[PDB]
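K.L.:
Here it is, the structure in full.
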Amino acid sequence: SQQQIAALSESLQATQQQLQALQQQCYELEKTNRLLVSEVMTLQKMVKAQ
Amino acid sequence: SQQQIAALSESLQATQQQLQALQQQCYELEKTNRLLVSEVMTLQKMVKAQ
Amino acid sequence: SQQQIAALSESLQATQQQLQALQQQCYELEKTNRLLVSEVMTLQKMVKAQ
């Protein structure tokens with residue numbers, strides 16, 4: 001029926017929006033991981049200087 | 001009709017559950033990264049202050 | 001209608017495929033995280049012994 005189709009269509013829409021937000025979280029994680037690489041390397045350099 | 005819609009509804013319920021697990025996984029990585037950033041910045045300060 | 005049903009089925013399958021992609025991305029982000037955790041632990045020891 002139309003009511004069943006709309007309910008599934010809305011539930012799928014809610015899921016698809018949650019997945020786009022997760023995709024963004026992943027990108028942000030990739031970013032933080034890179035910044036940490038950099039700060040860890042900085043720390044490594046400084047420990048090595050003494 | 002209904003039984004196809006039911007099938008898809010049930011399939012979506014599975015995808016939505018996997019999606020919750022992934023959200024939780026990313027939350028745990030975000031937490032870890034907060035801890036690492038805090039640590040690394042403190043340790044940098046410590047080494048510099050020697 | 002059957003066309004609405006087929007359209008939802010395709011949409012669901014697309015969402016599921018993307019979710020799988022994200023899952024595998026998250027597996028790589030976890031591995032990187034693990035590396036960083038190890039490296040930071042190592043530095044933490046050293047700095048404490050400085």
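Residue numbers start at 1 in each chain; chains themselves are named A, B, ... in the order of the structure tokens; ligands are numbered from 1 in the order shown.
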Near region 30-33 of chain A, within 8 Å and counting only C-alpha atoms, which residues show up once chain neighbours fewer than 6 positions away are dropped, as a list in words?

P.N.:
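Neighbouring residues, sequence-local ones excluded: residues 33 of chain B; 29, 32 and 33 of chain C.
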
K.L.:
Just the selected residues (N, CA and C atoms), exported as a PDB file, in the first residue's frame, please.

P.N.:
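After the write, selection-v4.pdb holds the following:
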ATOM      1  N   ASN B  33      41.179   9.620  19.905  1.00  0.00           N
ATOM      2  CA  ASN B  33      41.939  10.728  19.390  1.00  0.00           C
ATOM      3  C   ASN B  33      41.970  11.949  20.354  1.00  0.00           C
TER       4      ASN B  33
ATOM      5  N   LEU C  29      40.842   3.300   9.371  1.00  0.00           N
ATOM      6  CA  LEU C  29      41.005   4.321  10.383  1.00  0.00           C
ATOM      7  C   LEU C  29      41.345   3.686  11.739  1.00  0.00           C
ATOM      8  N   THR C  32      45.144   2.798  11.647  1.00  0.00           N
ATOM      9  CA  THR C  32      45.942   3.923  11.892  1.00  0.00           C
ATOM     10  C   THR C  32      45.918   4.353  13.339  1.00  0.00           C
ATOM     11  N   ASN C  33      44.723   4.333  13.915  1.00  0.00           N
ATOM     12  CA  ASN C  33      44.563   4.731  15.306  1.00  0.00           C
ATOM     13  C   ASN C  33      45.456   3.888  16.168  1.00  0.00           C
TER      14      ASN C  33
END

K.L.:
Over all Cα atoms in order, fit chain C to chain A and jot down the RMSD to one decimal place.

P.N.:
1.5 Å

K.L.:
Give me, as CSV, each residue of chain B that comes within 8 Å of chain A, together with its shortest interatomic pair and the distance in Å at one decimal, counting only C-alpha atoms, with rows ordered by chain and rising residue number.

P.N.:
residue,atom,partner,partner_atom,distance
B:1,CA,A:1,CA,6.8
B:2,CA,A:1,CA,7.2
B:5,CA,A:5,CA,7.2
B:9,CA,A:8,CA,6.3
B:12,CA,A:12,CA,7.1
B:16,CA,A:15,CA,6.4
B:19,CA,A:19,CA,7.2
B:23,CA,A:22,CA,6.7
B:26,CA,A:25,CA,7.3
B:29,CA,A:29,CA,7.8
B:30,CA,A:29,CA,7.0
B:33,CA,A:32,CA,7.4
B:36,CA,A:36,CA,7.8
B:37,CA,A:36,CA,6.7
B:40,CA,A:40,CA,6.7
B:41,CA,A:39,CA,7.8
B:43,CA,A:43,CA,7.5
B:44,CA,A:43,CA,5.6
B:47,CA,A:47,CA,6.6
B:48,CA,A:46,CA,7.6

K.L.:
Give me a file of those residues, with N, CA and C atoms, as a JSON list (two decimals), in the first residue's frame.

P.N.:
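As written to disk, out37.json reads:
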[["chain", "number", "residue", "atom", "x", "y", "z"],
["B", 1, "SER", "N", 3.66, -6.62, -2.98],
["B", 1, "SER", "CA", 2.77, -5.88, -2.06],
["B", 1, "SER", "C", 3.45, -6.02, -0.75],
["B", 2, "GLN", "N", 2.65, -6.03, 0.34],
["B", 2, "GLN", "CA", 3.08, -6.27, 1.73],
["B", 2, "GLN", "C", 4.21, -7.22, 1.91],
["B", 5, "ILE", "N", 7.35, -5.57, 0.66],
["B", 5, "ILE", "CA", 7.61, -4.39, 1.55],
["B", 5, "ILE", "C", 8.13, -4.81, 2.91],
["B", 9, "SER", "N", 11.73, -3.81, 4.48],
["B", 9, "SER", "CA", 11.71, -3.25, 5.83],
["B", 9, "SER", "C", 12.64, -3.98, 6.78],
["B", 12, "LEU", "N", 16.17, -3.38, 5.77],
["B", 12, "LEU", "CA", 16.62, -2.04, 6.20],
["B", 12, "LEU", "C", 16.93, -2.03, 7.71],
["B", 16, "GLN", "N", 20.30, -0.52, 9.23],
["B", 16, "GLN", "CA", 20.27, 0.49, 10.28],
["B", 16, "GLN", "C", 21.02, 0.04, 11.55],
["B", 19, "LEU", "N", 24.61, 0.28, 10.85],
["B", 19, "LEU", "CA", 24.95, 1.67, 10.87],
["B", 19, "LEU", "C", 25.14, 2.14, 12.31],
["B", 23, "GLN", "N", 28.55, 3.86, 13.89],
["B", 23, "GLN", "CA", 28.50, 5.17, 14.62],
["B", 23, "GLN", "C", 29.28, 5.02, 15.91],
["B", 26, "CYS", "N", 33.08, 4.85, 15.34],
["B", 26, "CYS", "CA", 33.63, 6.14, 15.09],
["B", 26, "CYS", "C", 33.69, 7.01, 16.35],
["B", 29, "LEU", "N", 36.75, 5.93, 18.20],
["B", 29, "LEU", "CA", 37.97, 6.46, 17.59],
["B", 29, "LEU", "C", 38.12, 7.94, 17.90],
["B", 30, "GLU", "N", 37.01, 8.64, 17.88],
["B", 30, "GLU", "CA", 37.04, 10.11, 18.24],
["B", 30, "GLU", "C", 37.52, 10.30, 19.68],
["B", 33, "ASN", "N", 41.18, 9.62, 19.90],
["B", 33, "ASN", "CA", 41.94, 10.73, 19.39],
["B", 33, "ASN", "C", 41.97, 11.95, 20.35],
["B", 36, "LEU", "N", 44.72, 11.00, 22.76],
["B", 36, "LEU", "CA", 46.02, 11.09, 22.17],
["B", 36, "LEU", "C", 46.52, 12.55, 21.99],
["B", 37, "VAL", "N", 45.62, 13.36, 21.54],
["B", 37, "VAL", "CA", 45.95, 14.84, 21.31],
["B", 37, "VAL", "C", 46.36, 15.43, 22.66],
["B", 40, "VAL", "N", 49.76, 14.05, 23.68],
["B", 40, "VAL", "CA", 50.87, 14.44, 22.85],
["B", 40, "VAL", "C", 51.19, 15.93, 23.13],
["B", 41, "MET", "N", 50.14, 16.73, 23.29],
["B", 41, "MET", "CA", 50.41, 18.20, 23.53],
["B", 41, "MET", "C", 51.06, 18.38, 24.93],
["B", 43, "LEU", "N", 53.01, 16.17, 26.53],
["B", 43, "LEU", "CA", 54.29, 15.64, 26.43],
["B", 43, "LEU", "C", 55.26, 16.61, 25.68],
["B", 44, "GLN", "N", 54.75, 17.26, 24.65],
["B", 44, "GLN", "CA", 55.50, 18.29, 23.95],
["B", 44, "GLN", "C", 55.90, 19.43, 24.95],
["B", 47, "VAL", "N", 58.72, 18.15, 27.38],
["B", 47, "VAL", "CA", 60.01, 18.07, 26.72],
["B", 47, "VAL", "C", 60.54, 19.48, 26.53],
["B", 48, "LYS", "N", 59.72, 20.40, 26.10],
["B", 48, "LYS", "CA", 60.22, 21.77, 25.84],
["B", 48, "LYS", "C", 60.73, 22.42, 27.11]]

K.L.:
For the atom pair CA of residue 13 (chain A) and CA of residue 13 (chain C), what is the interatomic distance in Å to one decimal place?

P.N.:
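Taking CA of residue 13 (chain A) and CA of residue 13 (chain C), their separation equals 13.1 Å.
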
K.L.:
Record the distance separating CA of residue 34 (chain A) and CA of residue 45 (chain C), expressed in Å with one decimal.

P.N.:
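We find that CA of residue 34 (chain A) and CA of residue 45 (chain C) lie 22.7 Å from each other.
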
K.L.:
Could you check how far CA of residue 38 (chain C) sits from CA of residue 27 (chain A), in Å to one decimal?

P.N.:
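The value is 22.4 Å.
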